[PDB]
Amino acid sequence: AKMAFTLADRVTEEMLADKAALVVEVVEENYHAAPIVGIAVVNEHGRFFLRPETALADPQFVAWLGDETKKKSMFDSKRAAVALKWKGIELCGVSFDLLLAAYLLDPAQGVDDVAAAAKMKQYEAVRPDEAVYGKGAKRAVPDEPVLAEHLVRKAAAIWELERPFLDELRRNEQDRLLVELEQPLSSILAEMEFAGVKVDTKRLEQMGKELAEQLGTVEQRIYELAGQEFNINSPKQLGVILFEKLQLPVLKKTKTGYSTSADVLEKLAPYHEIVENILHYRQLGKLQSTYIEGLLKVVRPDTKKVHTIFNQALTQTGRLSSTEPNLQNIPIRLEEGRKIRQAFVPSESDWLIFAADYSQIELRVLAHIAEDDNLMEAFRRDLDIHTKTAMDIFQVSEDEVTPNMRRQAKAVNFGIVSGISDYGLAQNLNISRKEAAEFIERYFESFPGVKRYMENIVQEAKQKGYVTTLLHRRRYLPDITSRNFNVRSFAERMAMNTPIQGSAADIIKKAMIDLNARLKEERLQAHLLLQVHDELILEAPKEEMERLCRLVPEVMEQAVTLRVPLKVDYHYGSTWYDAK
């Protein structure tokens, strides 16, 4: 069965043809500054394996990699591009990324290696990466003969699969989504990840010191009030202390026992002194374990930067995710956690952090897609949509919607369109099921086009087998025709939500591409650091801030044209905290 190839000792001219499938293998999951273990090239002239020490120290190979006119087809080009950047080598000319192609054709497939993508087209002449490298503790690069055969088979699969994938993308009207949106975005994400974000490590260490002390204090107080020691970090052990020893009322249950969630503890606070201590301990512990220790573990000691990886081929709706570290979930809502953001600083002296965010983008997207006259008029008047909803469902004037009311209208605005029930909304708003049913009815009376959207998009999903977003991303929903009610219900909620969340994802991706082009045209030093779903974070010289204040919102506001305006709020400052 073996596949024929040349195990080359030196780079030859026929390896540098103007179209090739290229594999630049990085086996460590986190590819930042990781080793490249081998290279395979498949082109019109044959199949080749190259040792990295050789190829990457060859001026002609290096020049070929960087020549935009020499076209390469790859799988996970970002991984290769970033690992090359760490070696001071530029990769250009990537015209097809099989990972991004498979992701667009069906995100549910969970494609995370060439073999899985190949399976989508009945191509099985390549092994899964896990079969070759093993997993976890057993993980390891095999001897050269086995490694080279594997890389060549992956390159040969990419070579064969480009056309069928591109054909199906075209049938799906996703060809531009790949070539004009996702692939250009991949390069931008590569730059952002490689740039990293600088952190004030001394500040983090200091916070960590103060957290460890307070943690020790609250822990003893807790054991003192409980009349005993227990593992506070065990919801089960906690439940026993709270509901069996101290006999606090059981306000909520989970599947396997008593709930001890923050919301429940908040309701129990009045009942006993131990409760406030538990919340405090949990708050401190989250900051310490997840954020302080997590960030300090991954900061690069030479530059003080952290380098996330944006997974561009994971979420079912077309969002990015962020890992190791996750820079999309740094605290902000509560001041204590928000202080962590003080430790995220500009990479150079006399630079500043600039943050821009798409105010209520999901509801603006809903207004556009549903063509609800009331929702559209509200955004055209630049009303605060949560206050306007508060006004409609509670039947009050603007002047009398309290902050608590706005927070509630938020819950209604987030929940209804995404398929919340009367039961769940009642839980959310701490009112009766019947009370919540009345608000939902009033909501649909106020926003009838939204009701019509929910009905129509579910009907369409049932008819076509999938739902789509503004720029033609798709999500298949086979469960929407399940004879099982609960299973089907989940699918109906996905049908209503995906087009909204996914269109918002399309828009910000396009804005990132538009933004980078404008920044380059203007020769600004400003560059992107992070995306957090509906916001973009940049750093730049202080001397560029006035230009950015006009440029960034304009670019983001103009990324797409909807039936209502896109609104962008922006702030800058000396740290991410201050960009508020």
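Don't overthink the numbering: it's just position in the shown sequence, from 1.
Set 145-153 against 132-140 and average the Cα temperature factors; 132-140 ends up higher. Note on 479-487 vs 161-169: mean CA B-factor is higher in 479-487. Within the listed group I222, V114, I330, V306, the record reports its top CA B-factor for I222. Per the deposited coordinates, the residue with the largest Cα temperature factor out of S77, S321, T256, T387 is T256. Placement of the Cα temperature factor of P541 within the chain: lowest third of the modelled residues, per the deposited record. Among the modelled residues of its chain, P553 has a C-alpha B-factor that falls in the lowest third, as given in the PDB entry.
Among the modelled residues of its chain, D175 has a C-alpha B-factor that falls in the middle third, as given in the PDB entry. Placement of the Cα temperature factor of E53 within the chain: highest third of the modelled residues, per the deposited record. Ranked against the other modelled residues of its chain, the C-alpha B-factor of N413 as given in the entry falls in the lowest third.
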